[PDB]
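Here is the structure we will look at, set down as C-alpha cells.
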Amino acid sequence: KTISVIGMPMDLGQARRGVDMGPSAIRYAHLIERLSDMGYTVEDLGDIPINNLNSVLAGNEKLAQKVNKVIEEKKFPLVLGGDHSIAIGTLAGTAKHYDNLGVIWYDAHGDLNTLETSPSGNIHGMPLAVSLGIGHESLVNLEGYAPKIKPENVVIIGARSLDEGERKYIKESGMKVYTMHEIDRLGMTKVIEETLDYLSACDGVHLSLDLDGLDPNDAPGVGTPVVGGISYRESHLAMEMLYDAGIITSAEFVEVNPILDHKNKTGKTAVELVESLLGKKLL
Ligand SMILES: [Mn+2]
Ligand SMILES: [Mn+2]
C-alpha cells in the first residue's frame, strides 16, 4: 500500500491556538523518512490551505476531495491534521467507497455533540455526531450524501469525558464504546480483539485517533487533556494488533498542538504510533 499523506492545518474547529501546526510538528519528527525506511513509497500531498462555519465547510470539502481521489487510486490516505473537526471531511471522502465502513474512534471524548447541545459550539466536538449523521445540515450533507457511517459500525476506544447528551445517544444508538473502565477491566488486548471481531463485517475501517485519547503524561500537547488515559504502551499494542489484522484502510491523527506540547513529545508519539499502525515491529 502506497501511503498518501495529507496535511490539514485546521484550527477553526476549536478555540485554542496552535493545533493548525500539528501537520508540520508531525512531519518534523521524521514521519516521511521513517515510513520510507519501512519499505513504503510515501507521497506527501502537502497541506490543505485554510482561510467558523464556512471555513470549516470549504476546508473539509477540499480534504474530502483529496481523500476520495487517494482511495480512488487505492493508496491509503493518512491525513494527520489539526482539530478533530477534519474527520468530517476525511470520512466524507472514504465512506462513499465502502458499502460498510467501520470506524475506530480512539479518543478520550465522544465528539457526539451538536451546536445546540454544544456548550462551546466548537465543531471539533461534533465530527462523529455529524457523519452519523446528526447535526448542521451543510455539515452532515458534506459531499452530497448522508449519513457517512452507521452507529453500529463505530467503536470508540478511550472515552472518559463523555457526560450528558452524548451518553444518552450512545445507549439509544447502540454504539460500542470502550471507556477507561473497560480497558482497565478487560485489558487492552481483549478490547482490541473484541473490536476486531465486532468490526469483522466491514468492507473497510477508518482509524480516527485523537492524541488526547492518550494520558496527558504521554501526550501533553493537546487542547483538551483528560487525566487517566491510555498509556504509550497500550496505544502501541493497539496499533500493532490493528496492523496484524489488516483491517485499517484509512487513518487520521488529530489534535497535536505544539504550542501546548513539551519539545514535540506529542508529535513524536504520533509518528511512533503511525509506524506501529503501518507495520513497524520490534521483532
Ligand atoms: Mn476528538
Ligand atoms: Mn478528544
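Ordered as shown in the C-alpha cells, chains take letters A, B, and onward, while each chain numbers its residues from 1 and ligands are numbered from 1 in the order shown.
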
Exercise. Given a cut-off of 10 Å, what residues near ligand 2 show up using only C-alpha atoms and all ligand atoms, put as JSON, numbers by chain?
Worked result: {"A": [83, 84, 105, 106, 107, 108, 109, 110, 111, 124, 125, 158, 159, 160, 161, 162, 209, 210, 211, 212, 213, 214, 222, 223, 224, 225, 226, 254, 255]}

I'd like the contact shell of segment 239-244 of chain A - 12 Å cut-off, only C-alpha atoms, skipping same-chain residues fewer than 3 positions apart - returned as a compact mmCIF listing (two decimals) with N, CA, C and O atoms, in the first residue's frame.
```
# COMPACT_ATOMS: atom_id res chain seq x y z
N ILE A 104 -12.95 3.14 14.06
CA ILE A 104 -12.40 3.05 15.40
C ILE A 104 -12.09 4.47 15.85
O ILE A 104 -11.22 5.13 15.27
N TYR A 106 -10.48 6.52 18.47
CA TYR A 106 -9.50 6.48 19.56
C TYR A 106 -9.46 7.87 20.17
O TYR A 106 -8.86 8.79 19.62
N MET A 188 -6.18 -4.03 27.39
CA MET A 188 -6.31 -3.52 26.03
C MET A 188 -6.39 -4.65 25.01
O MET A 188 -7.08 -4.53 23.99
N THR A 189 -5.67 -5.75 25.25
CA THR A 189 -5.71 -6.87 24.32
C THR A 189 -7.15 -7.27 24.03
O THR A 189 -7.60 -7.25 22.88
N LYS A 190 -7.89 -7.64 25.07
CA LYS A 190 -9.27 -8.08 24.89
C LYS A 190 -10.09 -7.02 24.17
O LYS A 190 -10.90 -7.34 23.28
N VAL A 191 -9.90 -5.75 24.53
CA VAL A 191 -10.65 -4.67 23.89
C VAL A 191 -10.45 -4.69 22.38
O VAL A 191 -11.41 -4.64 21.61
N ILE A 192 -9.19 -4.77 21.94
CA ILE A 192 -8.91 -4.78 20.51
C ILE A 192 -9.48 -6.03 19.86
O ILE A 192 -10.13 -5.96 18.81
N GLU A 193 -9.23 -7.19 20.46
CA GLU A 193 -9.75 -8.43 19.90
C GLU A 193 -11.27 -8.38 19.76
O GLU A 193 -11.82 -8.80 18.74
N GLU A 194 -11.96 -7.86 20.78
CA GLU A 194 -13.40 -7.68 20.68
C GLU A 194 -13.77 -6.63 19.64
O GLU A 194 -14.81 -6.73 18.99
N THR A 195 -12.93 -5.60 19.48
CA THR A 195 -13.16 -4.60 18.45
C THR A 195 -13.03 -5.22 17.06
O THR A 195 -13.87 -5.00 16.18
N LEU A 196 -11.96 -5.98 16.84
CA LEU A 196 -11.74 -6.61 15.54
C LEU A 196 -12.92 -7.49 15.15
O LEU A 196 -13.54 -7.31 14.10
N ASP A 197 -13.24 -8.47 16.00
CA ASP A 197 -14.39 -9.34 15.74
C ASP A 197 -15.65 -8.52 15.47
O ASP A 197 -16.37 -8.77 14.49
N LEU A 199 -16.06 -5.54 14.33
CA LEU A 199 -15.99 -4.86 13.04
C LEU A 199 -15.68 -5.82 11.89
O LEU A 199 -15.43 -5.36 10.77
N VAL A 205 -12.11 -0.06 7.35
CA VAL A 205 -12.14 0.51 8.69
C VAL A 205 -11.24 1.74 8.72
O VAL A 205 -10.06 1.67 8.38
N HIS A 206 -11.81 2.87 9.15
CA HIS A 206 -11.08 4.11 9.32
C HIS A 206 -10.70 4.28 10.78
O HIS A 206 -11.53 4.08 11.67
N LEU A 207 -9.44 4.63 11.03
CA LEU A 207 -8.96 4.91 12.37
C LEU A 207 -8.88 6.42 12.54
O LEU A 207 -8.11 7.09 11.85
N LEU A 209 -7.81 8.85 15.29
CA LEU A 209 -7.07 8.82 16.55
C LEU A 209 -6.87 10.24 17.06
O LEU A 209 -6.15 11.03 16.45
N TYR A 232 1.22 4.97 26.71
CA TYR A 232 2.02 4.87 25.50
C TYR A 232 2.13 3.42 25.03
O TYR A 232 1.99 3.14 23.83
N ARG A 233 2.36 2.49 25.96
CA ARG A 233 2.50 1.08 25.59
C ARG A 233 1.18 0.50 25.09
O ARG A 233 1.14 -0.15 24.04
N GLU A 234 0.09 0.71 25.84
CA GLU A 234 -1.22 0.23 25.40
C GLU A 234 -1.54 0.73 24.00
O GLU A 234 -2.10 -0.02 23.18
N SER A 235 -1.21 1.98 23.71
CA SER A 235 -1.50 2.54 22.39
C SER A 235 -0.70 1.84 21.31
O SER A 235 -1.23 1.55 20.23
N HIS A 236 0.58 1.56 21.57
CA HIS A 236 1.38 0.83 20.59
C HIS A 236 0.85 -0.59 20.40
O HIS A 236 0.81 -1.10 19.28
N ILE A 247 -7.16 -4.62 8.87
CA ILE A 247 -8.49 -4.05 8.67
C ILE A 247 -8.46 -2.55 8.39
O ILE A 247 -9.43 -2.03 7.81
N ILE A 248 -7.40 -1.85 8.77
CA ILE A 248 -7.38 -0.40 8.68
C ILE A 248 -7.10 0.00 7.23
O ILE A 248 -6.06 -0.37 6.66
N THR A 249 -8.02 0.76 6.64
CA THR A 249 -7.90 1.22 5.27
C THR A 249 -7.68 2.72 5.16
O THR A 249 -7.40 3.21 4.06
N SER A 250 -7.81 3.46 6.26
CA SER A 250 -7.53 4.88 6.29
C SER A 250 -7.36 5.29 7.74
O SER A 250 -7.85 4.62 8.65
N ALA A 251 -6.64 6.39 7.96
CA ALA A 251 -6.33 6.83 9.31
C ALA A 251 -6.09 8.33 9.33
O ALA A 251 -5.61 8.91 8.36
N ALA A 270 2.94 10.66 17.97
CA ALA A 270 2.04 10.44 16.84
C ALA A 270 2.75 9.68 15.72
O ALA A 270 2.21 8.71 15.17
N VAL A 271 3.96 10.11 15.37
CA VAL A 271 4.74 9.40 14.35
C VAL A 271 4.99 7.97 14.79
O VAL A 271 4.86 7.03 14.00
N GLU A 272 5.36 7.77 16.06
CA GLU A 272 5.66 6.43 16.55
C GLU A 272 4.44 5.52 16.42
O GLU A 272 4.58 4.34 16.07
N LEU A 273 3.25 6.05 16.69
CA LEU A 273 2.04 5.24 16.57
C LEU A 273 1.73 4.91 15.12
O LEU A 273 1.32 3.79 14.81
N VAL A 274 1.91 5.88 14.22
CA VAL A 274 1.72 5.61 12.79
C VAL A 274 2.65 4.48 12.35
O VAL A 274 2.24 3.59 11.59
N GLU A 275 3.90 4.51 12.80
CA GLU A 275 4.84 3.45 12.46
C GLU A 275 4.28 2.08 12.82
O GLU A 275 4.27 1.15 12.01
N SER A 276 3.79 1.94 14.06
CA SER A 276 3.22 0.67 14.50
C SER A 276 1.96 0.33 13.73
O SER A 276 1.70 -0.84 13.42
N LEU A 277 1.15 1.34 13.40
CA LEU A 277 -0.06 1.10 12.63
C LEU A 277 0.27 0.55 11.25
O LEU A 277 -0.47 -0.29 10.71
N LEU A 278 1.37 1.01 10.65
CA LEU A 278 1.74 0.63 9.30
C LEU A 278 2.79 -0.47 9.26
O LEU A 278 3.47 -0.64 8.23
N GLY A 279 2.94 -1.23 10.34
CA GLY A 279 3.68 -2.48 10.30
C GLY A 279 5.05 -2.49 10.94
O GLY A 279 5.75 -3.50 10.83
N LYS A 280 5.46 -1.41 11.60
CA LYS A 280 6.75 -1.43 12.29
C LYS A 280 6.70 -2.41 13.45
O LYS A 280 5.78 -2.37 14.27
N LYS A 281 7.69 -3.31 13.50
CA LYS A 281 7.74 -4.36 14.51
C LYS A 281 9.04 -4.28 15.29
O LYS A 281 10.09 -3.97 14.73
N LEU A 282 8.96 -4.55 16.59
CA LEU A 282 10.16 -4.67 17.40
C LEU A 282 10.96 -5.91 17.01
O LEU A 282 12.19 -5.92 17.15
N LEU A 283 10.29 -6.94 16.53
CA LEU A 283 10.95 -8.14 16.03
C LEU A 283 10.10 -8.77 14.93
O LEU A 283 10.39 -8.61 13.74
```

Problem set entry | Pick from A:237, A:142, A:256, A:38 nearest to ligand 1, counting only C-alpha atoms and all ligand atoms |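 Of A:237, A:142, A:256, A:38, the one nearest ligand 1, counting only C-alpha atoms and all ligand atoms, is A:256.
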
Problem set entry | Nearest-residue call for ligand 1, choices A:175, A:126, A:260, A:155, using only C-alpha atoms and all ligand atoms | A:126

For this session: Quick one: pull the distance between atom CA of residue 12 of chain A and atom CA of residue 48 of chain A, Å, one decimal.
Result: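 Atom-to-atom, atom CA of residue 12 of chain A and atom CA of residue 48 of chain A are spaced 13.4 Å apart.
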
Seminar exercise, completed: Between atom CA of residue 201 of chain A and atom CA of residue 86 of chain A lies a distance of 25.8 Å

For this session: Give the strand (DSSP E or B) residues of segment 47-114 of chain A, as assigned by DSSP on the backbone, as a PyMOL selection string.
Result: chain A and resi 47+77-78+81+101-106+109

Could those residues be written to a file, using N, CA, C and O atoms, as an mmCIF file, in the first residue's frame?
```cif
data_model
loop_
_atom_site.group_PDB
_atom_site.id
_atom_site.type_symbol
_atom_site.label_atom_id
_atom_site.label_comp_id
_atom_site.auth_asym_id
_atom_site.auth_seq_id
_atom_site.Cartn_x
_atom_site.Cartn_y
_atom_site.Cartn_z
ATOM 1 N N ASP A 47 -0.150 20.356 2.523
ATOM 2 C CA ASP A 47 -1.191 20.826 3.422
ATOM 3 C C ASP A 47 -2.312 21.477 2.626
ATOM 4 O O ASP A 47 -2.068 22.133 1.610
ATOM 5 N N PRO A 77 -5.205 6.811 2.479
ATOM 6 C CA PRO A 77 -4.968 8.183 2.949
ATOM 7 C C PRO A 77 -4.547 8.192 4.414
ATOM 8 O O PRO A 77 -5.193 7.580 5.266
ATOM 9 N N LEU A 78 -3.443 8.877 4.694
ATOM 10 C CA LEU A 78 -3.006 9.168 6.057
ATOM 11 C C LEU A 78 -3.119 10.678 6.220
ATOM 12 O O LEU A 78 -2.274 11.429 5.729
ATOM 13 N N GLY A 81 -3.613 16.046 10.995
ATOM 14 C CA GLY A 81 -4.140 17.387 10.848
ATOM 15 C C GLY A 81 -4.130 18.220 12.094
ATOM 16 O O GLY A 81 -3.233 18.115 12.932
ATOM 17 N N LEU A 101 -18.376 0.893 5.889
ATOM 18 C CA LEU A 101 -17.162 1.379 6.530
ATOM 19 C C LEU A 101 -17.285 1.289 8.045
ATOM 20 O O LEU A 101 -18.289 1.711 8.628
ATOM 21 N N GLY A 102 -16.259 0.731 8.680
ATOM 22 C CA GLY A 102 -16.141 0.757 10.118
ATOM 23 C C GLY A 102 -15.286 1.929 10.559
ATOM 24 O O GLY A 102 -14.517 2.489 9.781
ATOM 25 N N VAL A 103 -15.433 2.307 11.826
ATOM 26 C CA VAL A 103 -14.683 3.427 12.383
ATOM 27 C C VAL A 103 -14.251 3.064 13.796
ATOM 28 O O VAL A 103 -15.089 2.720 14.636
ATOM 29 N N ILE A 104 -12.949 3.138 14.056
ATOM 30 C CA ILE A 104 -12.405 3.052 15.404
ATOM 31 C C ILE A 104 -12.086 4.470 15.851
ATOM 32 O O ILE A 104 -11.217 5.133 15.272
ATOM 33 N N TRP A 105 -12.790 4.939 16.870
ATOM 34 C CA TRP A 105 -12.616 6.296 17.374
ATOM 35 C C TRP A 105 -11.766 6.228 18.634
ATOM 36 O O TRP A 105 -12.255 5.912 19.720
ATOM 37 N N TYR A 106 -10.481 6.523 18.472
ATOM 38 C CA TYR A 106 -9.505 6.476 19.555
ATOM 39 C C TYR A 106 -9.464 7.866 20.174
ATOM 40 O O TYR A 106 -8.862 8.787 19.619
ATOM 41 N N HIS A 109 -12.843 11.585 24.214
ATOM 42 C CA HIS A 109 -14.157 12.187 24.070
ATOM 43 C C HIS A 109 -14.965 11.430 23.027
ATOM 44 O O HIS A 109 -14.429 10.649 22.235
#
```

For this session: Could you tell me which of A:127, A:229, A:165, A:82 comes closest to residue 19 of chain A if we count only C-alpha atoms?
Result: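 Selected residue with least distance to residue 19 of chain A: A:82.
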
Exercise. Which one is closest to residue 156 of chain A: A:8, A:112, A:15, A:130? Count only C-alpha atoms.
Worked result: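 For residue 156 of chain A, the nearest of the candidates is A:112.
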
Exercise. What gap, in Å, lies between atom CA of residue 153 of chain A and atom CA of residue 10 of chain A?
Worked result: 26.2 Å
